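As structure tokens, the next two blocks hold two forms of the same chain, structure 1 and structure 2.
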Structure 1
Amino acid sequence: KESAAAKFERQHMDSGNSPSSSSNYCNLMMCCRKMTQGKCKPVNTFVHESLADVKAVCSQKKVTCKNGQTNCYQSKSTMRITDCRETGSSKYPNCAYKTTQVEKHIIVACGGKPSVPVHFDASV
């Protein structure tokens, strides 16, 4: 039971001077995509390329994953990605993230048949 005053805040309040600024993207996306449920996921990367292109990475350069497995693949081209990293004073239930827009190659773990991306390992 959320009070009616808390419901009003949640549904209608977003105090700030540049509410749609690119710096607020991670706070809003981490929330939307359920990565702040019961805890604040510390780091997470969003890829802004088409799914078909990220799926094709599973048939490109095979590399070793961070954990020693060898079912990781690196994209032959760089991709537009956004890195979201918790800000130092971020504490559940007030998760806060810094948004970083870069262009790097991505390394994903591919699984299943057909092979598709199941984990995001690193960007380089």
Structure 2
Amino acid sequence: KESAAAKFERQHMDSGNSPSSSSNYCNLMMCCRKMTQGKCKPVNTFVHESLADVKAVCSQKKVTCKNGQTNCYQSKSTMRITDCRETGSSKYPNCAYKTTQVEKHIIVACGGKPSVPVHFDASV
């Protein structure tokens, strides 16, 4: 059972000067989106585009994935994305990320039917 003391810490404690700071975006999203359980996912990109625009990439430019698979596609246009990358100081269970906002082309692997994005490969 989660002790009452530990529950209180989880539900009400967030010690710090700038808790609502945008440089915290990745720390909170990586946690919310469940990518900090068991280990700290080292790198992860968030796309701030319409889901309609991201799905459209699956019928755009064909390219080879980094792992040799052949079901990857590159966006014809650049997309507003946020790069979340683990800091040198990050150490599980205290995962820390650097938030970087950029506009780059994305590369995703598409699968299933209808064909939709199932993996983020890279940004170029």
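Shifts are known only where both forms have a C-alpha. Just so we're on the same page, residue numbers count up from 1 along structure 1's sequence. For the two forms, the rigid core is made up of the largest set of C-alpha atoms that agree within 1.5 Å on superposition.
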*CA of residue 9, rigid core aligned, shift of 2 Å or more between the two structures*: yes
*Would you say residue 19 moves its Cα by 2 Å or more between the two structures, aligning on the core?*
yes
*Cα of residue 68: shift between the two structures in Å, core-fitted?*
1.0
*asked:* So with the rigid core superposed, the C-alpha of residue 94 shifts by how many Å between the two structures?
replied: 0.4
*Upon rigid-core superposition, which contiguous segments of at least three residues exhibit Cα shifts of 2 angstroms or more between the two structures?*
1 to 21
